[PDB]
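# Observations on chain architecture
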2 protein chains.
Amino acid sequence: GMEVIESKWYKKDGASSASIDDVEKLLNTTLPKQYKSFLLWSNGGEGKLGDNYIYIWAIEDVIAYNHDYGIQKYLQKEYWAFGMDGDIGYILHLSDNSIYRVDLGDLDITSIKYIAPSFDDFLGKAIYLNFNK
Amino acid sequence: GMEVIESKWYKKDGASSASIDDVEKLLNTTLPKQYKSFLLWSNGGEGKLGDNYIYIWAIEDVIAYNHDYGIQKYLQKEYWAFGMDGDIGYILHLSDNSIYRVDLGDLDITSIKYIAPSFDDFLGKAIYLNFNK
């Protein structure tokens, strides 16, 4: 029968122009358009989208988290973590916008799990698909 | 500062695969994969995703609704409505999976408005973009 499904987002203020420019300058490349669009709305935040707890980092913190978790080191330079759910990291590819899940405690290029072709697609899937399976 | 954004989907029982196949047979075409995946989860339903009220049709009703609103008559055979919000129709393009908005009361190929490249992308956008702009 009918079931009430929720997606809740605890929205932060949006990212400033300077904050986005700073990270693009440091990366020496562009952020994926949809990820940037989300950040301009909510600069990080956290929520429960369907069954999925997702914690997204403020753009000012992304470089430091990526260094701490060793993302580029174990993956390659195109892959950047943007959030997490405990052991699980959420990663994007800077060029093709694809989204993956990884075990932050066992990072391996061969084991990254593709979940969506882009950021907005990810957000939409989340309402009806449990990424923990 | 922080703001609680919700969304809710009033989920129906999933569509039978057979019921989806019946429509594909009748249309002599394949439906977009993401749309089918959503139907398998919820065979229509309605919700408020961000600021957006969205009412999605059960698969068994889609052909009759498309006929009644004259979607193919006014648009093209490649465009199929899957839902609405009052005057607004939500349409998919069979050839490339994209999602559009139209005014059901003023259907015209020249005035269809692109909103997303796929169904899941559309759902994700809805959480943070108000399509009534």
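Please refer to the structure placed before this passage.
Reference entry: report on the structure contained in this document. (Residues numbered from 1 in each chain as written, not as in the entry; some residues may be left out. Chains lettered and ligands numbered in written order. Heavy atoms only, no water. Residues with missing side-chain atoms left out of burial classes, pairs and counts.)

### Some details on a negative patch on the surface
All names here are of chain A.
- Where like charges cluster on the molecular surface, the negative patch consists of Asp21, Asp22, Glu60 and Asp61.
- Elements supplying a minimum of two residues to the negative patch: α1 (17-27) and α3 (59-69).
- Relative to the helices and strands, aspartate 22 resides in helix α1. (Patch = residues over 30% accessible without salt bridge, like charges linked within 9 Å, V, L, I, M, F, W, Y side chains within 5 Å. Areas by Shrake-Rupley, 256 points an atom, 1.4 Å probe, with all protein chains shown as cover. Salt bridge = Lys/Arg side-chain N within 4 Å of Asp/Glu carboxyl O. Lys, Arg positive; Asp, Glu negative; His and termini not counted. Charge placed at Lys NZ, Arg CZ, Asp CG, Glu CD. Helix = DSSP H or I, 4+ residues; strand = E, 2+ residues; numbered from the N terminus.)

### A word on the relation of the copies chain B and chain A
- Each copy of the sequence occupies a distinct position, and chain B is placed on chain A by a rotation of 179 degrees and an axial shift of 0.1 Å, giving an RMSD of 0.3 Å. Interpreted geometrically, this transformation is the action of a two-fold axis.
- With an isologous cut-off of 70% or more, the 96% of interface residues of chain B that recur at the interface of chain A puts this contact in the isologous class. (Least-squares fit on C-alpha atoms. Contact = heavy atoms within 4.5 Å.)

### Digging into the interface of chain B and chain A
- Residue-level contacts link 25 residues of chain B with 24 residues of chain A.
- When the two sides are added together, the surface that chain B and chain A hide from each other amounts to roughly 2400 Å², 57% of it contributed by carbon and sulfur.
- Counting the contacts that link chain B with chain A gives three salt bridges.
- The partner of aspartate 120 of chain A in a salt bridge is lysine 125 of chain B, with the nearest N and O atoms 2.8 Å apart.
- Summed over the shared surface of chain B and chain A, the result is 15 residue pairs in polar contact.
- Mapped onto the side of chain B that touches chain A, the elements with two or more residues apiece are β1 (3-11), α2 (33-41) and α5 (119-126) of chain B.
- Ranked by the residues each element gives to the side of chain B that touches chain A, the list is headed by β1 of chain B, at nine residues.
- Taken together, the residues of the side of chain B that touches chain A break down into 10 nonpolar, six polar and nine charged.
- Note that strand β1 (residues 3-11) of chain A and β1 of chain B share nine bridges and pair antiparallel. (Buried area = accessible area lost by both parts, 1.4 Å probe. Polar contact = N/O pair within 3.5 Å; in protein donor to acceptor, adjacent residues only side chain to side chain. Nonpolar A, V, L, I, M, F, W, Y, C, P; charged D, E, K, R; others polar. Pairing = 2+ DSSP bridges.)

### Digging into empty space enclosed by the protein
Residue and element names in this part refer to chain A.
- There is about 60 Å³ of room inside the largest cavity.
- Lining the largest cavity, in full, are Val23, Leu27, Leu31, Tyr35, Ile59, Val62, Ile63, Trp80, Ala81, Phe82, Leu92 and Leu94.
- Secondary-structure elements contributing two or more residues to the lining of the largest cavity are α1, α3 and β4 (79-85).
- Partitioning the lining of the largest cavity into residue classes produces 12 nonpolar, no polar and no charged. (1 Å grid on protein atoms, 1.4 Å probe; cavity = no way out; pocket = protein on both sides within 12 Å on 5 of 7 lines; lining within 4 Å. Points joined across faces, edges and corners; volume = space filled by probe spheres on them.)

### Observations concerning the packing of helix α2 (residues 33-41) of chain A against helix α5 (residues 119-126) of chain A
Residues and elements named next belong to chain A.
- Close contact between α2 and α5 brings their axes to 7 Å; oriented N to C, the two are set at 65 degrees. In terms of their interaxial angle, α2 and α5 are classed as roughly perpendicular. When α2 is examined against α5, the residues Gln34, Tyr35 and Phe38 are found in contact with a partner set consisting of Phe119, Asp120, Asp121 and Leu123.
- Along the lines of polarity and charge, the residues of the contact of α2 with α5 split into four nonpolar, one polar and two charged. (Axes fitted to C-alpha atoms, helices over the stretch in contact; angles between N-to-C directions. Parallel < 35°, antiparallel > 145°, perpendicular 65-115°, else oblique.)

### Considering unusual backbone geometry
Residues and elements named next belong to chain A.
- Backbone geometry at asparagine 97 places phi at a positive 75 degrees, although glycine is not the residue there.
- With respect to the helices and strands, the residue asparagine 97 is situated in the loop between β5 (88-93) and β6 (99-103).
- Given a relative accessible area of 29%, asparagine 97 falls into the partly exposed group.
- The phi dihedral of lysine 133 is positive, around 65 degrees, even though this residue is not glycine. (Buried < 20%, exposed > 50% of the residue type's maximum accessible area, 1.4 Å probe, protein only.)

### Quick look at the nonpolar core
- Formed by 45 residues in total, the largest nonpolar core has its most connected members in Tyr35, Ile59, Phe82, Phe119 and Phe122 of chain B.
- The element best represented in this core is strand β4 (residues 79-85) of chain B, accounting for five residues.
- Excluding anything up to four places from it in sequence, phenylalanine 119 of chain B contacts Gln34, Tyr35, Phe38, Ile56, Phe82, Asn97 and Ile99 of chain B.
- By size, the runner-up hydrophobic cluster in this structure holds 43 residues, among which are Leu49, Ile88, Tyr90 and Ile112 of chain A. (Core = buried A, V, L, I, M, F, W, Y, C linked by side-chain atoms within 4.5 Å.)

### Focus on the pattern of salt bridges
- Inspection of every chain in the model, using the stated rule, returns eight salt bridges over all chains.
- Notably, a salt bridge pairs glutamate 78 of chain A with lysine 77 of chain A, separated by 2.9 Å at the nearest N-O pair.
- A salt bridge links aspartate 121 of chain B to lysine 125 of chain B; its shortest N-O distance comes to 2.7 Å. Residue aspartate 121 of chain B and its partner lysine 125 of chain B are both found in helix α5; the two are separated by four residues, about one turn of the helix. Here the two residues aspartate 121 of chain B and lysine 125 of chain B agree in accessibility, since each one is buried.

### Comments concerning the pairing of strand β2 (residues 45-49) of chain B
All names here are of chain B.
- Residue alternation in β2 divides its side chains into a buried set, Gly45, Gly47 and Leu49, and an unburied set, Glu46 and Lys48.
- Examined bridge by bridge, β1 and β2 share five bridges and lie antiparallel to one another. Bridge pairing links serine 7 to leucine 49 in β2.

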